[PDB]
There are 4 protein chains.
Amino acid sequence: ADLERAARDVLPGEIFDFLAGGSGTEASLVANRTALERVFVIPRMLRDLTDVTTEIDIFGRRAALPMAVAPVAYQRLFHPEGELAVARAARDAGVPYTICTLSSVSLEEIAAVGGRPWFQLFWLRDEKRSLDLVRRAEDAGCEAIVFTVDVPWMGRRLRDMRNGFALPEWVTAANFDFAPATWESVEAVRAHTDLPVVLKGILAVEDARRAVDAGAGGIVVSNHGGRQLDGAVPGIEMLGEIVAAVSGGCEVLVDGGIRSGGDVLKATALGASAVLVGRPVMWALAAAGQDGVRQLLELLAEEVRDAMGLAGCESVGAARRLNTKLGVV
Amino acid sequence: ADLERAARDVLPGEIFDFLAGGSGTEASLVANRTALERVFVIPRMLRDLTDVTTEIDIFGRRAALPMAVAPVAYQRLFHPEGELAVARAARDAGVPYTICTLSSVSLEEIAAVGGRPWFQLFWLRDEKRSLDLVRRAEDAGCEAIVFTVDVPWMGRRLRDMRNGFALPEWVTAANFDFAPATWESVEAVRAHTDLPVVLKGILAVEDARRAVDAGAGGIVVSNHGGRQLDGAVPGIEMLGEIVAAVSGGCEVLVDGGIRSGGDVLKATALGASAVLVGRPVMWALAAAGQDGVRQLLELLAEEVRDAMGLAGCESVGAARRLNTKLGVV
Amino acid sequence: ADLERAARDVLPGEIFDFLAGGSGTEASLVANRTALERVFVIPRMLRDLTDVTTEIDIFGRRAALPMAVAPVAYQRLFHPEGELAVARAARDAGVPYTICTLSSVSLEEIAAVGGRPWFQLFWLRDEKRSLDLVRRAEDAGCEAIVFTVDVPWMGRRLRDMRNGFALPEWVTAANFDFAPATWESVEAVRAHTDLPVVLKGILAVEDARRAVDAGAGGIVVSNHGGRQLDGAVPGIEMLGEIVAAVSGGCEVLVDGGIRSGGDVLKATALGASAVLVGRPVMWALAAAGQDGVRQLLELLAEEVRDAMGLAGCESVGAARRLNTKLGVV
Amino acid sequence: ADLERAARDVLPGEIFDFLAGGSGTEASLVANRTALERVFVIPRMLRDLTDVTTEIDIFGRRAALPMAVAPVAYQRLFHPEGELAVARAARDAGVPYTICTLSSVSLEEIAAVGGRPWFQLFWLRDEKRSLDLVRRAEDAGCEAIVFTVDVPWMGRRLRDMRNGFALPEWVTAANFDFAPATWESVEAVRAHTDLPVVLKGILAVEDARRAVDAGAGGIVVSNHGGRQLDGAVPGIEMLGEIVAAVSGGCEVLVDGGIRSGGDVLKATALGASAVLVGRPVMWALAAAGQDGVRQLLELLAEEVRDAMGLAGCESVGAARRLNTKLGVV
Ligand SMILES: Cc1cc2c(cc1C)N(C[C@H](O)[C@H](O)[C@H](O)COP(=O)(O)O)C1=NC(=O)NC(=O)[C@]1(O)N2
Ligand SMILES: Cc1cc2c(cc1C)N(C[C@H](O)[C@H](O)[C@H](O)COP(=O)(O)O)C1=NC(=O)NC(=O)[C@]1(O)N2
Ligand SMILES: Cc1cc2c(cc1C)N(C[C@H](O)[C@H](O)[C@H](O)COP(=O)(O)O)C1=NC(=O)NC(=O)[C@]1(O)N2
Ligand SMILES: Cc1cc2c(cc1C)N(C[C@H](O)[C@H](O)[C@H](O)COP(=O)(O)O)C1=NC(=O)NC(=O)[C@]1(O)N2
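Thresholds applied
Residues numbered from 1 in each chain as written, not as in the entry; some residues may be left out. Chains lettered and ligands numbered in written order. Heavy atoms only, no water. Helix = DSSP H or I, 4+ residues; strand = E, 2+ residues; numbered from the N terminus. Rg over C-alpha atoms; globule rule 2.2 N^0.38 Å. Areas by Shrake-Rupley, 256 points an atom, 1.4 Å probe, with all protein chains shown as cover. Near = heavy atom within 4 Å. Polar contact = N/O pair within 3.5 Å; in protein donor to acceptor, adjacent residues only side chain to side chain. Contact = heavy atoms within 4.5 Å. Buried area = accessible area lost by both parts, 1.4 Å probe. Salt bridge = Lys/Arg side-chain N within 4 Å of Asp/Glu carboxyl O. Least-squares fit on C-alpha atoms. Core = buried A, V, L, I, M, F, W, Y, C linked by side-chain atoms within 4.5 Å. Buried < 20%, exposed > 50% of the residue type's maximum accessible area, 1.4 Å probe, protein only. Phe/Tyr/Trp six-rings, centres within 6.5 Å; stacked < 30°, edge-to-face > 60°. Nonpolar A, V, L, I, M, F, W, Y, C, P; charged D, E, K, R; others polar. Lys, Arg positive; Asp, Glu negative; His and termini not counted. Pairing = 2+ DSSP bridges. Axes fitted to C-alpha atoms, helices over the stretch in contact; angles between N-to-C directions. Parallel < 35°, antiparallel > 145°, perpendicular 65-115°, else oblique. Left-handed = near helix turned anticlockwise from the far one by under 90°. Expected span 1.5 Å × (residues − 1). Bend = angle between axes of the 7 residues up to and from the residue. Disulfide = S-S within 2.5 Å.

Looking at the overall build of chain A
Next, step 1: Assigned secondary structure in chain A consists of 13 helices and 12 strands.
Next, step 2: In terms of C-alpha radius of gyration, chain A reaches 19 Å, essentially the compact-globule figure of 20 Å for 329 residues.
Next, step 3: With the C-alpha coordinates aligned to their principal axes, the bounding extent of chain A is approximately 60 × 45 × 40 Å.
Next, step 4: Just so you have it, chain A exposes about 11,800 Å², and 48% of that area is on carbon and sulfur atoms.

Observations concerning the site of ligand 1
Residue and element names in this part refer to chain A.
Next, step 1: As a matter of local geometry, ligand 1 sits amid 20 residues, with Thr148, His224, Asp255, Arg259 and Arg279 nearest to it.
Next, step 2: At 2.7 Å from an oxygen atom of ligand 1 is found a side-chain nitrogen or oxygen belonging to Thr148.
Next, step 3: One of the backbone nitrogen or oxygen atoms of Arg279 is found 2.8 Å away from an oxygen atom of ligand 1.
Next, step 4: Here ligand 1 has 610 Å² of accessible area as a free molecule, and 98% of this is covered by the chains.

Quick notes on the interface of chain D and chain A
Next, step 1: On the side of chain A, 31 residues touch chain D, which itself brings 28 residues to the contact.
Next, step 2: Summing both partners gives a buried area of about 2,300 Å² for chain D against chain A, and 68% of it is carried by carbon and sulfur.
Next, step 3: Among the residues of chain D in contact with chain A, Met45(D), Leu46(D) and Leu310(D) are the three that bury the most area, contributing 32% of the side total.
Next, step 4: Taken together, the links from chain D to chain A amount to four salt bridges.
Next, step 5: For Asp2(D), the salt bridge is made with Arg162(A), and the minimal N-O distance between the two is 2.9 Å.
Next, step 6: Taken together, the links from chain D to chain A amount to eight residue pairs in polar contact.
Next, step 7: At the level of secondary structure, the elements contributing two or more residues to the side of chain D that touches chain A comprise β1 (39-42), α11 (261-269) and α12 (279-310) of chain D.

Notes on the relation of the copies chain B and chain A
Next, step 1: Screw-axis analysis of chain B against chain A gives a translation of 0.0 Å along the axis, an RMSD of 0.0 Å, and a rotation angle of 90°. Taken together, the rotation and translation describe the operation of a four-fold axis. Considering only C-alpha atoms, the part of chain B nearest the rotation axis is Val328(B), at 6.4 Å.

What to know about the nonpolar core
Next, step 1: Formed by 512 residues in total, the largest nonpolar core has its most connected members in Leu199(A), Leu199(B), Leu199(C) and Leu199(D).
Next, step 2: In contact with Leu199(D), other than residues within four places in its own chain, are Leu46(C), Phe147(D), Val149(D), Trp183(D), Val186(D), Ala211(D), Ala216(D), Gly218(D), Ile219(D) and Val220(D).

Things to note about the packing of aromatic side chains
All names here are of chain C.
Next, step 1: One pass over the full model with this rule turns up 12 aromatic pairs over all chains.
Next, step 2: Ring plane angle 20° and centroid distance 5.8 Å describe the contact between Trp123 and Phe147, whose orientation is recorded as stacked. Here the residue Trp123 occupies a position in the loop between β6 (117-121) and α6 (127-139), and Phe147 occupies one in strand β7 (residues 145-148), the gap between them amounting to 24 residues. When sorted by exposure, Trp123 lands in the same class as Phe147, which is buried.

Focus: the site of ligand 3
All names here are of chain C.
Next, step 1: In the neighbourhood of ligand 3, 20 residues make up the surrounding shell, with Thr148, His224, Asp255, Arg259 and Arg279 lying closest.
Next, step 2: Here an oxygen atom of ligand 3 sits 2.9 Å away from a polar atom, N or O, in the side chain of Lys200.
Next, step 3: The separation between an oxygen atom of ligand 3 and a polar main-chain atom of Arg279 is 2.8 Å.
Next, step 4: The protein chains hide 98% of the 620 Å² of surface that ligand 3 would expose on its own.
Next, step 5: Residue classes in the shell around ligand 3 are distributed as seven nonpolar, eight polar and five charged.

Description of the pattern of salt bridges
Oppositely charged side chains are able to pair whenever their charged atoms sit close together.
Next, step 1: Under the definition given, this model contains 76 salt bridges over all chains.
Next, step 2: Between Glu108(A) and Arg136(A) there is a salt bridge, with its nearest N and O atoms 2.8 Å apart. Separated by 28 residues along the polypeptide, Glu108(A) in helix α5 (residues 107-112) and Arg136(A) in helix α6 (residues 127-139) bring together distant segments of the chain.
Next, step 3: For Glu298(B), the salt bridge goes to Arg294(B), with nearest N and O atoms at 2.9 Å. With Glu298(B) and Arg294(B) both in helix α12 (residues 279-310), this residue pair falls four residues apart, about one helical turn.
Next, step 4: Given the relative accessible area of 47%, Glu298(B) is considered partly exposed.
Next, step 5: Exposure remark for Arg294(B): the relative accessible area of 30% places this residue in the partly exposed category.

Examining the interface of chain B and chain A
Next, step 1: With 31 residues of chain B at the interface, the matching set in chain A holds 28 residues.
Next, step 2: For chain B, the biggest contributors to the area lost against chain A are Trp153(B), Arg156(B) and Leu229(B); these three give 28% of the whole.
Next, step 3: Here chain B is connected to chain A by four salt bridges.
Next, step 4: The salt bridge involving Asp207(B) is made with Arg44(A); its shortest N-O contact spans 3.2 Å.
Next, step 5: The interface formed by chain B and chain A contains eight residue pairs in polar contact.
Next, step 6: Elements represented by at least two residues in the side of chain B that touches chain A include exactly α3 (27-38), α8 (183-192), β8 (197-202), α9 (205-213) and α10 (235-246) of chain B.

Points about the side chain of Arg279(B)
Residues and elements named next belong to chain B.
Next, step 1: Its place among the elements puts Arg279 in helix α12.
Next, step 2: No salt bridge is formed by the buried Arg279; the nearest opposite charge belongs to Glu26, separated by 7.1 Å.
Next, step 3: Side-chain polar atoms of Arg279 contact the backbone oxygen of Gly21, separated by 3.0 Å.

Describing helix α10 (residues 235-246) of chain D
Next, step 1: The complete set of buried residues in α10(D) reads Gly235(D), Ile236(D), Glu237(D), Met238(D), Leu239(D), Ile242(D), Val243(D) and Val246(D).
Next, step 2: Within two residues after α10(D), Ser247(D) carries a phi angle of roughly 45°, on the positive side.

Observations concerning the environment of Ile99(D)
Residues and elements named next belong to chain D.
Next, step 1: Along the chain, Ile99 falls in strand β5 (residues 97-100).
Next, step 2: Judged by relative accessible area, which is 0%, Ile99 ranks as buried.
Next, step 3: Distance from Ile99 to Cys142, taken between C-alpha atoms, is 8.8 Å for residues 43 residues apart in sequence.
Next, step 4: Sequence-distant contacts of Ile99, defined by excluding residues within four places in its chain, comprise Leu107, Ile110, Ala111, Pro117, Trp118, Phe119, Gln120 and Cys142.

Concerning the environment of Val205(B)
All names here are of chain B.
Next, step 1: Summarising the element assignment, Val205 is placed in helix α9.
Next, step 2: Here the alpha-carbon distance between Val205 and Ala286, two residues 81 residues apart in the chain, equals 36 Å.
Next, step 3: The residues touching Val205, leaving out its near neighbours within four places in the chain, are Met238, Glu241, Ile242 and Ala245.

Points about the pairing of strand β6 (residues 117-121) of chain D
Residue and element names in this part refer to chain D.
Next, step 1: Burial analysis of β6 places five of its five residues in the buried class, the great majority of the element.
Next, step 2: Burial of the side chains of β6 extends over both faces: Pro117, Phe119 and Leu121 are buried on one face and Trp118 and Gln120 on the other.
Next, step 3: As paired strands, β5 and β6 are joined by four bridges and run parallel to one another. Bridge pairing in β6 links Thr98 to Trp118.

With respect to the packing of α6(C) against helix α8 (residues 183-192) of chain C
Residues and elements named next belong to chain C.
Next, step 1: The interhelical angle for the contact between α6 and α8, taken along N-to-C directions, is 40°, at an axis separation of 10 Å. One finds that α6 runs oblique with respect to α8. Helix-helix and strand crossings are classified by hand; for α6 and α8 the assignment is right-handed. Where α6 approaches α8, its residues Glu127, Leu131, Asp132, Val134, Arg135 and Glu138 are matched on the opposing element by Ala188, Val189 and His192.
Next, step 2: Looking at the contact of α6 with α8, its residues break down into four nonpolar, one polar and four charged.

Quick notes on unusual backbone geometry
Next, step 1: With phi around 65°, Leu46(A) is a residue other than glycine that occupies positive phi space.
Next, step 2: Within the element layout of this structure, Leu46(A) appears in the loop between β1 (39-42) and β2 (56-58).
Next, step 3: Owing to a relative accessible area of 5%, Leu46(A) belongs among the buried residues under this scheme.
Next, step 4: Its identity as a non-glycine residue notwithstanding, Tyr74(C) has a phi of 55°, on the positive side.
Next, step 5: Structurally, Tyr74(C) can be placed in the loop between β4 (67-69) and α4 (82-93).

What to know about helix α12 (residues 279-310) of chain C
Residue and element names in this part refer to chain C.
Next, step 1: An ideal rise of 1.5 Å per residue puts 46 Å on 32 residues; α12 reaches only 27 Å between its terminal C-alpha atoms.
Next, step 2: The principal kink in α12, of about 135°, is found at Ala288.
Next, step 3: Within two residues after α12, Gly312 carries a phi angle of roughly 75°, on the positive side.

A word on the state of the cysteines
Next, step 1: Going through the model one piece at a time under the given rule, you end up with zero disulfides over all chains.
Next, step 2: Free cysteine: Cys142(A), not disulfide-bonded; nearest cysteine sulfur from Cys100(A) at 11 Å.

This is the structure in structure tokens:
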């Protein structure tokens, strides 16, 4: 909110495009928003709101909101403190923060910041490098492995090709000194850790069930922000069916286009356990570093609280039982 | 009609925004209109129109049209005679007028004007202050208590924050010299009055049924003009289901976006007993005081009469039995 | 086609608005088009087209196309020869022409032109004046009475009020030297004539059935070009249901927005026996008098023929058995 | 992609319009795109992509992609090498190329280029001329006869009439030195050749079944690029039903608006065996002759491969089992 404006007139055009971009025609980028805007909540009235709380328990810990910071690589591209700033603010808001495999600061350093860090894994050509990285994460106190499963390789970003965009020399992959994940990769991760494994990028109902059968503690119903298959269904379009198929067997998160506490409320009403928020957290980082993320998070927290109360929900659990109605435009 | 133009070039920008505004992205403001525009009426032909009447009986009294003036606070913000002017015109049109808790003239004075006044209650931190206010209303001859139940607190108006909008010093809360209502608040009102209690802001079908079981004489199916939860379903989208669930157990009114006699006809065909009209009555007040409201009301009366006759309805009851068809744009 | 342009830059603005206009917000004017554009035809292939014919039998006579000229009053408003010109061209195209009650040339004169004239009746305050007018029509060789039943009175034209539009002194109601029709009016017409009675302005399925039970030979499924109830469903939206309810019991025509032979084909595929065409015939009259109508009619005839052949229909009957599919925009 | 721009600023306006154009209002041209954009793919995750192949077997031969070049007449209109250039590139990409009846180079010469050529037949006034042409095709090594069945005659192109467009003198019908096909024409073709007969322009489910019963080896579900009946349903809207009715009885291809490998993936997910691509291949021919077509084909090949992998399909067969979801805009 208001932040995107402030980040546009400050980032190089090509960095902003790397941030804002989808794959191909960006059909799935836009559909993430369209899809949300079509969802109407049916609020409830006249319930006791004496103790409205936005807290949830997830993967063992309490979170202040039903939200985590989404994994986004190379946070130094947006601000010089990069991941550390986002991490500090997330910790101080009581929101999980997801450390990327391609973080521009090492994962041990990010985790040292404390709070409730998660680690996002990309499967690499070498199975041992992947599993090491999982072990580092866990040795460092990470609370979940978010296995990104919708990147057998990177989709085609048309902005980045026509930009000629490339990592400037002062941003690197601090965890280092590119292969398709299968269900066998998932099992290897699962066998190597006692942390919950959360599969990110699930859109098919049967992949959701199979995730549960494979021992995942969670999924993220996501089309990777419209960055992977162009024409992939939005996550929010599949969430409700996926929630009903998994039948409480794992946590179900959603992301893509979450831009307000109203949108969090919509996601929750469709049955999400929590949302991830990606580009907005980068807009706030770029606009004003740590303090800027802290304010995004405060604003989101007040919007969630407000939306929940107006919908007659004293708890996220109540918000999950709200009904919705699909509407026009 | 034509009036909004005339009110824009006369009100301060910030007052007009206080009037026109919704919550958040104004998703629900716009959806109130969108929703109405999608409804098509299926007219009937060749019936006897020898005695077309727009009258209805509601809460004991006869009303000239299936319409009442909606509660809108601080009517002095729009014209110096404020509530008194609107009240006089409503009385002379034979339309109920709803006195607000935050009226800029006292409720006893508004009621003295005569006609068929209703009183809109906000629940206040002190249960005794609320109930006093109910007793004043009734002692003053008000015919219904319209308990507004969709304001456990005020939604977030983005226009008003970015305006910095505030009550100028020459407009005040004349009934005085802010708490969430529950079903227990409703029962306390219901126990304290023999007037019909009308719950305003019901959108869930189960809240409608429960309203009836709680002894409400009416509900208003409403998303508070898009001013409360941003993303709340429009009232008009829920009306038909709500009418069928309550099964004649209480009157069912609707509001939000009613801009013509055709729209009243649409509302009635979806099963509403009557509509409320809010912003238009303020546009006409601001454009030309009492006389201006009188003309809005005459124009609406002729539009309802015209719409009804063209649809083959000699009575509002007939108009409620019309069928509708949802259409594109 | 192309003609509307040519009529705009030739008619007074107010005459063109009288022609182009709908009621209220013109919601139903526009919806007539929208509705047609959403209908897709499912063409058939590889059938024998050796003898493609656009002819139909209706109300006793053969017509060259499944089309008639719609009743439109005061044709002298558009061209000095007015009804006579349209009538001649219709006759020479083999298309029925509907003489209006408010024709700017007498009905006997219009009928003398020959061809297959129909007469459109408005019910007047005096039952005897209406029935006389029916008798004149029949004495004059008219082949059908098109009882317009959707004008208990004229809808509210906003263009005409804000224009101040009025009949110039050189155009009059040549049949003369305003009351609601009921089913009893229909029976009186039906008893007074051996001609088929065709009810025009039927939108409800039950009014269609009742028309058949009342002995109508036809109906016209029509919202009077969006000129009567603003918010009335389009005819084309109701046609298919109406066709199935009447079950061959009377002819079912449709009008509203028919602008091409493709649209005629769409109407026929939805089950219409024929269409009426209104504003386009006036555009062609105003653009170039009789010759101009003759060319509209030739162009329409070639479009129907073309559309039919491409859809694999050798006859209108075949075109009625085509399937359709509703689509987006 | 990017090519259309490059072809616009190089072709005469009237040639480009002959290329880009639909029939009538171009309702069906646009609906081909609209229809595709509404289809969302539901990708699968975590499958083995170790050997992703885009190959299919069709009509006896292996093709490199599930795609063929669509028949487009008078390719010399777009580039001086015309059909020979497109043919060479198609052959080198391993894509079938469809030789037109109205090719601007003879079919024997086009076929000599080698690769996997198909021949598109128009039925001519003389049954013997048609069958000769079939025999030439087969004598020349063509692998399929694509009988175009949606041109009993050419639809009405409004661009071409208002252009006055005509074949310049340096482009001719090199196969020569105009009649409606029936099922009897199909049987005569079928009896005269041992090649698979592929009916192109099937939109009705019953025509699809009957095609199979008539011994067709394939159909192309197509509205001829919006060039034949204006208002014809898009192919992509009918594909899924047609696939299920034919029940593997013949190959089912689709065309109309295929503009990317994502669109090929959408088509395949709806059950197509392969797509045809028309106007894009001409844009690339006009932009840069053979090399330009070679690059279109390489880009398409990488897009298909990318789309497939991101959707978790190692083979076209897998892509056919993907589910889809219809979405808004
Ligand atoms: C610039 C950038 C980079 C990545 C991602 C998103 C953006 C915007 N994303 C997608 C992100 O996690 C959310 O799915 C999406 O952004 C939510 O949508 P939203 O931004 O509208 O709130 C990533 N996902 C991974 O698993 N690993 C990564 O390195 C990551 O590829 N790189
Ligand atoms: C400026 C203003 C103030 C209020 C309201 C509406 C406007 C426009 N409203 C909503 C109103 O009653 C109708 O629900 C809505 O306006 C119909 O929609 P419409 O204006 O499109 O015809 C109120 N409702 C209450 O219960 N109490 C109030 O003090 C009130 O909050 N203040
Ligand atoms: C100017 C004018 C006047 C009339 C009508 C239409 C126009 C445009 N119409 C409606 C017409 O018959 C078709 O229903 C409609 O025009 C088809 O729609 P279309 O024009 O898009 O093709 C009439 N109907 C009657 O019964 N009697 C009349 O005097 C008439 O009121 N006057
Ligand atoms: C200029 C031109 C000429 C023809 C065709 C298409 C264009 C663009 N087409 C339609 C084409 O084969 C595809 O159906 C369509 O172009 C796919 O749509 P797409 O272009 O959006 O990819 C033909 N079809 C035939 O059978 N015979 C022909 O001579 C042909 O009439 N002439």
